[PDB]
Amino acid sequence: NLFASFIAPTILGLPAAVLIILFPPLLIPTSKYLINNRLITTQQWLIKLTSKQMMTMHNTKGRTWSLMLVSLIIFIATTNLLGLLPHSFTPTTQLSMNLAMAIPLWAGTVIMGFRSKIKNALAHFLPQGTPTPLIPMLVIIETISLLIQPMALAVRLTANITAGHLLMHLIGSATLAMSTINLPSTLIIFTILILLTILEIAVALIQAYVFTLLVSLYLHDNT
Amino acid sequence: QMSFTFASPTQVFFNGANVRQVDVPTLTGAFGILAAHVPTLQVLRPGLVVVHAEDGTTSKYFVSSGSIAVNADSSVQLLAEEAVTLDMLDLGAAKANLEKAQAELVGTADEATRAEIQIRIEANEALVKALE
Amino acid sequence: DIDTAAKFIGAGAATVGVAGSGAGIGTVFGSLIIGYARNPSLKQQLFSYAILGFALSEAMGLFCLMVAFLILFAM
Amino acid sequence: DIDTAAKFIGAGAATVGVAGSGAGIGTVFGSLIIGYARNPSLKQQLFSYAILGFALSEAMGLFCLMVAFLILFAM
Amino acid sequence: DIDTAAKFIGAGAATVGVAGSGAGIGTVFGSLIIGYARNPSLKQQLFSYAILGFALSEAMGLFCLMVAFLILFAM
Amino acid sequence: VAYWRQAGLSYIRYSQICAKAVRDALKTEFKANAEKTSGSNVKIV
Amino acid sequence: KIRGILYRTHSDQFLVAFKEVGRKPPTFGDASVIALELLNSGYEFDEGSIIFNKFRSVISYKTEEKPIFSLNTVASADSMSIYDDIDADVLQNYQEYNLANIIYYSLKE
Amino acid sequence: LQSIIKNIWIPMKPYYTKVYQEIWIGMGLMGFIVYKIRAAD
Amino acid sequence: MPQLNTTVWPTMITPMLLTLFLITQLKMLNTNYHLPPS
């Protein structure tokens, strides 16, 4: 009854969760022209400013992912922002979807660190200026954290959009309860919901930039 | 252990003297300087400079600009572009010119020629607090 | 006997306030290093502040161990 | 029984005091790096405080690992 | 049983001591950034103080994880 | 980075106003003597 | 005088020139001005030397040149790593002042 | 079914073959996890 | 927690892969930045 906005949506027995995951790309029109409209002029600028941010820090092999790590910050920042609409089912609150964006991009990042350049990837586990006599303890950290980075991504994003929606939905129910009670209090609980919606707008973008930065930093440490 | 050197462009107050502490008004905030202080180098802002002789007796000059440079061998070289002892400044013109400076800012809106007013304001604001 | 067994919890949980002092003594003796690496000719007076701070925080770390010994034995 | 059960909850909640001896040892050696990078001419005397601070914050951590091994083994 | 029950709250609350070594490794590797932004020509000597502070703060974390795995499986 | 440095000025221009301010607050017994011992006469081609 | 001599051979290699030096005794107000147009000139000078006549006695003097370092050499010298509380701004204010000094000390000698 | 080659695979050809080759090796790991998680449920 | 109902996971995994890897990228390959002229 409380987690209702996270159950897979179905209308007329049809799994409507597919027309919701495939919609974000519909808000990004493209054109071959040279001078287009305001939408594609602002979007092609954001993609320019974004790609120059995540990708500048990479070498030539890391920059071959400049289509992936840009088409990923565009898909997470548009799925989150389409979740703040009323009653909307944002599929980034799903541990299934988030585990499907996290494991491949991570596994495909350490594999290229183990299928090639492996002898160099063996040197990140042991920092440069490290004395020896307590190495058999540090080996646990750099591996067990590596083995849990793919689950850090998918849960840092799941637990931040879920908890952001749960809070806005509870504080919302508060204003509904104090509506039939002292009303000058309703307006102070509501203005908390407004400052909270401006926060959930920012955390809708920040959680997209951090997800695609930590996938970038994993890549930078394997190319 | 300390080798002070306090000198105006036309006057020398200390030279190689052995004082124990100086209190200078650096741009990054004032700090006191005893022997073996960490090597630094700064640039002053309008404010007092208290010099503690070995006898514990002070001496208070009002520098206006310059550059103190504590060195690795505990030598100090404080050079003030205009360092007048407090017995030469007056309180009336400081408070008055500060008002002539403050009142002239609001009538100004250009970023450059207003920046020169705030520097004159703080130079006079640091004056009233030094005298009394 | 649920009370005598409860004393082992109230006395084992009161003694975690000591983890406050132990963190306010590393701040004091970590500020004595930052304040002595700047003006080392004050080593005398700084150390007489890193003792007034050490003996005022570690007093709060003893008020906890005072109640830990007030529940465990004085009751 | 009820006692030998609570003896594990008290000895567990008491060794949380080490969480203040881990944030102190961190701040001491966090200022040894800041204080020594500012005045590297004092390496031997700054490090002679980061050993005192290491031993004095870790002395409040032993006070918790001791009161843990008192409810757990002594009584 | 009440032993196998309480030995889970004990070993489950003893491991909060790692909260110390979480913020002790964050300060050591936090101040190493400030110690290097100041004197970058000491990068080899600074980083050897960070690894000393990272291994002595985390060692206090292991002493807690060591106890939680002592009141669980050892006895 | 202070405000005047953001405003284009330099420390020489900062020091010229701070030193002018001190002299402008000197008393008349010393203000005449101090202004000519530090006044400017050089000129740019 | 120093301009009217070298104005023939090296005239385009000439950033700026000054006047009124010599009538009145040189004061810091004169050295401070000369330092400004040496900065309000758009010349990204990376090294400098000032040549003056070092006074020794009534009978004889010697010509001398004092070096003038810019920011990127005083901020990059690994002997300046001991100096505390230094960032690349408090060195700029210190290099801009030490340009008016070495000019003033030169105008008195 | 043409232009599914031209518009849909001709562009993605240099990526789906060379650049994302190790992605699919990871995407197989993921599919093994999802089925296993659903197998124990 | 309805995120744990693993019966509707393949309904979230496949239409994501069909978007993050084929439809969103295809629309990026159509966004090109030509080099400036002389």
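Please read every residue number as a count from 1 along the shown chain.
Method of determination (from the header): electron microscopy, 2.9 Å.
For all residues, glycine too, the Cβ spot is worked out from N, Cα and C.
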Candidate set G:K19, G:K54, annotation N6-acetyllysine, source Swiss-Prot, matching residue: G:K19
Cα separation, G:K19 (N6-succinyllysine) to G:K62 (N6-acetyllysine) (Å, whole number): 23
Other CB atoms within 10 A, centred on G:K62 (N6-acetyllysine): 9
Count of other CB atoms lying within 10 Å of the CB belonging to G:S11 (phosphoserine): 9
Cβ-based proximity (under 8 Å) of the modified residues G:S11, G:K19, G:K62 to chain C, or none: none
